[PDB]
Amino acid sequence: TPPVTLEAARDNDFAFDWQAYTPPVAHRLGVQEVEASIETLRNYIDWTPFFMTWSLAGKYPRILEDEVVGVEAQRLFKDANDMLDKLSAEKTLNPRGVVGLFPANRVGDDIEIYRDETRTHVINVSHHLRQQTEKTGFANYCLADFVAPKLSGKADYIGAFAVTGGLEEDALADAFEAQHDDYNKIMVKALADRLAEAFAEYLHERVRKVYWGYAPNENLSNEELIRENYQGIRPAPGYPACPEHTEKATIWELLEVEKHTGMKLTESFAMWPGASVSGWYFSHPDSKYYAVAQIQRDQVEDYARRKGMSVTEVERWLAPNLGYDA
Ligand SMILES: Nc1ncnc2c1ncn2[C@@H]1O[C@H](C[C@@H](N)CC[C@H](N)C(=O)O)[C@@H](O)[C@H]1O
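Calculation criteria
- Residues numbered from 1 in each chain as written, not as in the entry; some residues may be left out.
- Heavy atoms only, no water.
- Residues with missing side-chain atoms left out of burial classes, pairs and counts.
- Helix = DSSP H or I, 4+ residues; strand = E, 2+ residues; numbered from the N terminus.
- Rg over C-alpha atoms; globule rule 2.2 N^0.38 Å.
- Contact = heavy atoms within 4.5 Å.
- Near = heavy atom within 4 Å.
- Polar contact = N/O pair within 3.5 Å; in protein donor to acceptor, adjacent residues only side chain to side chain.
- Areas by Shrake-Rupley, 256 points an atom, 1.4 Å probe, with all protein chains shown as cover.
- Nonpolar A, V, L, I, M, F, W, Y, C, P; charged D, E, K, R; others polar.
- Core = buried A, V, L, I, M, F, W, Y, C linked by side-chain atoms within 4.5 Å.
- Buried < 20%, exposed > 50% of the residue type's maximum accessible area, 1.4 Å probe, protein only.
- 1 Å grid on protein atoms, 1.4 Å probe; cavity = no way out; pocket = protein on both sides within 12 Å on 5 of 7 lines; lining within 4 Å.
- Points joined across faces, edges and corners; volume = space filled by probe spheres on them.
- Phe/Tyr/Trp six-rings, centres within 6.5 Å; stacked < 30°, edge-to-face > 60°.
- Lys NZ or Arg CZ within 6 Å of the ring centre and 35° of its normal.
- Axes fitted to C-alpha atoms, helices over the stretch in contact; angles between N-to-C directions.
- Parallel < 35°, antiparallel > 145°, perpendicular 65-115°, else oblique.
- Domains from an automatic or database assignment.
- Patch = residues over 30% accessible without salt bridge, like charges linked within 9 Å, V, L, I, M, F, W, Y side chains within 5 Å.
- Salt bridge = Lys/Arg side-chain N within 4 Å of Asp/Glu carboxyl O.
- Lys, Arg positive; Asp, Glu negative; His and termini not counted.
- Charge placed at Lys NZ, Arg CZ, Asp CG, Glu CD.

Determination of this PDB entry was carried out by X-ray crystallography to a resolution of 1.5120 Å, according to the record.

Encoded structure:
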């Protein structure tokens, strides 16, 4: 669909009656280091992407009884769970994370994150982009729209997290590599990835039920979790609703991620360990995933100003989303 101006997109923001709504208050404000054992996380694994990593099609568990790939899938599953058993018993891969909840309000396309409930001093701003093509029957979405506008005077909140399958991932993979054991190098990396993603799923449930606490009686099966049958989202920088990777630096500062977990950011703002997930938490019932997609020069320049960056800098970080030749 054809581009619209930045002002036209903002005039089509998510429509919601904030005066009639009470955002749920975060029960546990502040930052908390967390850990999770392999025994705990293995009940939150989504196995279907594991089999995709091994080039097998089909959803788990039905893939195990498949007529052509089932026997191979069963052997992969057995080797995977034997390796989880060993990693668990030997404590050689140790998932870690950190979670935080903060007072927050929307201003424009950004989310102000406050030091405290006086909502004066801003400790960080979470910057977001807005869809910028002609939308029929939908808002031009921006993740900031899911937090109450500061002008509404409603007390709202935002969360953030960072989790990893464990800092030991490289040492375990590198040992298999030195042995020319490609199978087990792929296996331990695929397991660390499942453990990181399982930790993201588990911690999000902890946030909905307890840390934020807006869904204390939620009782979903793992299959229902995989289907996202809960209220709220956990969008991650680099994914289509928030594609701009340098916002991971804001999460790293907000949560003191490196101090609490050992996890690091590269110059490309990739996470280390490789098996890592970081992102935000939104509680709003209408919050959903979508793609920002292609944006125009006016929004690039505005984003640069808000970020304290030059236009040239931002055109690097936003290159995949530029709707024009830079
Ligand atoms: N459009 C989007 N914008 C932002 N984050 C997204 C988007 N789509 C997916 N995500 C993120 O990706 C997650 C979904 C999956 N990657 C992870 C769970 C899945 N069961 C798996 O193991 O692959 C979401 O919970 C978000 O953190």
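There is more to say, and it comes next.
Visitor: For this particular structure, what's the right way to read the overall build of the protein chain?
Guide: The helix and strand inventory of the protein chain stands at 11 helices and 8 strands. Its C-alpha radius of gyration of 21 Å places the protein chain within 12% of the 20 Å reference for a compact globule of 326 residues. Long-range pairs, those at least 24 residues apart, make up 75% of the contacts in the protein chain with a sequence separation of at least 6.

Visitor: When you look at the site of the ligand in this model, what are you seeing that I'm missing?
Guide: Looking at the ligand, the residues that line it are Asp46, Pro49, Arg194, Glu197, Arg234, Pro235, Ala236, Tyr239, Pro240, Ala241, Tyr289 and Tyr290. Contact distances for the ligand include 3.3 Å between a nitrogen atom and a backbone N or O atom of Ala236. In this structure, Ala241 approaches the ligand through a main-chain N or O atom, which is 3.0 Å from a nitrogen atom. Protein chains bury 81% of the 570 Å² of accessible surface belonging to the ligand in isolation. Taken together, the residues that form the shell around the ligand break down as 8 nonpolar, no polar and 4 charged.

Visitor: Could you clarify how one ought to interpret the nonpolar core in this entry?
Guide: By size, the foremost hydrophobic cluster in this structure holds 51 residues, and its most contacted members are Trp47, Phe50 and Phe51. Secondary-structure elements contributing two or more residues to this core are α2 (38-41), α3 (48-53), α4 (70-90), β2 (96-107), β5 (156-164), α5 (169-178), α6 (182-211) and β8 (276-281). The element contributing the most residues to this core is α6, with 14 residues. Sequence-distant contacts of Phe51, defined by excluding residues within four places in its chain, comprise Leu56, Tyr60, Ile63, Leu64, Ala73, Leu76 and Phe77. One finds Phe14, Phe146, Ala162 and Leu318 within the second-largest nonpolar core, a separate group that totals 41 residues.

Visitor: What's the story with the side chain of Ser88 in this structure? I'm lost.
Guide: Position of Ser88 among the secondary structure elements: in helix α4. A polar contact is formed between the side chain of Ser88 and the side chain of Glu39, at a distance of 2.9 Å. The contact partners of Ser88, leaving out residues within four places of it in the chain, are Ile38 and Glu39.

Visitor: Quick question: what am I supposed to make of empty space enclosed by the protein here?
Guide: If you roll a probe as big as a water molecule over the atoms, it shows you where there is empty space left. Considering only enclosed or pocket space, the largest cavity measures out at about 60 Å³ in volume. Residue lining of the largest cavity: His127, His128, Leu129, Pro237, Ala241, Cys242, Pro243, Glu244, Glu247 and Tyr303, and that is the complete set. Looking at side-chain class alone, the lining of the largest cavity contains 6 nonpolar, 2 polar and 2 charged residues.

Visitor: What is the right way to read the environment of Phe51 from this model?
Guide: Along the chain, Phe51 turns up in helix α3. The class for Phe51 is buried, based on a relative accessible area of 0%. Remark: the alpha-carbon pair of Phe51 and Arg208, spanning 157 residues in sequence, is separated by 29 Å.

Visitor: What exactly am I supposed to notice about the packing of aromatic side chains here?
Guide: The relative placement of two aromatic rings is captured by the distance of their centres and the angle of their planes. The final tally for this structure, using the stated rule, is 18 aromatic pairs. A cation over a ring is seen here: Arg28 above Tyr211, with NZ or CZ 4.9 Å from the ring centre. Over the aromatic face of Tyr157 sits the side chain of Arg119, whose NZ or CZ is 5.0 Å from the ring centroid.

Visitor: Please explain the packing of α4 against α6 as it appears in this structure.
Guide: Packed helix pairs are specified by the crossing angle of their axes together with the interaxial distance, meaning the distance between the axes. For the pair α4 and α6, the least separation of the axes is 10 Å and the interaxial angle reads 70 degrees. With respect to α6, the axis of α4 lies roughly perpendicular. Here α4 contributes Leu76, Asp79, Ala80, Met83, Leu84 and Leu87 to the contact with α6, which in turn contributes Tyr183, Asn184, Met187, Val188, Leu191 and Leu195. Residues that form the contact of α4 with α6 fall into these classes: 10 nonpolar, 1 polar and 1 charged.

Visitor: Sorry if this is basic, but what is going on with the layout of surface pockets here?
Guide: When its volume is computed, the largest pocket comes out at roughly 550 Å³. Lining the largest pocket are 25 residues, and of these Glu197, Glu228, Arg234, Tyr239 and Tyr289 lie nearest its centre. Those elements giving two or more residues to the lining of the largest pocket turn out to be α6, α7 (222-226) and β8. Per-element accounting of the lining of the largest pocket gives the leading share, 5 residues, to α6. Of the residues in the lining of the largest pocket, the class split is 17 nonpolar, 2 polar and 6 charged. Both of domain 1 (1-35 + 96-164 + 193-326) and domain 2 (36-95 + 165-192) provide at least three residues apiece to the lining of the largest pocket.

Visitor: Please explain a negative patch on the surface as it appears in this structure.
Guide: Residues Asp170, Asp174, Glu177 and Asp182 make up a contiguous surface patch of negative charge. If one sorts the elements of the negative patch by residue count, α5 sits on top with 3 residues. The residue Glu177 is located in helix α5 in this model. For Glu177, a relative accessible area of 43% puts it in the partly exposed group.

Visitor: What should I look at first to understand the side chain of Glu205 in this one?
Guide: Position of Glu205 among the secondary structure elements: in helix α6. For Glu205, which is buried and forms no salt bridge, the nearest opposite charge comes from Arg208, at a distance of 4.7 Å. Every residue in contact with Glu205, bar those within four places of it in the chain, is listed here: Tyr44, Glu218 and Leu225.

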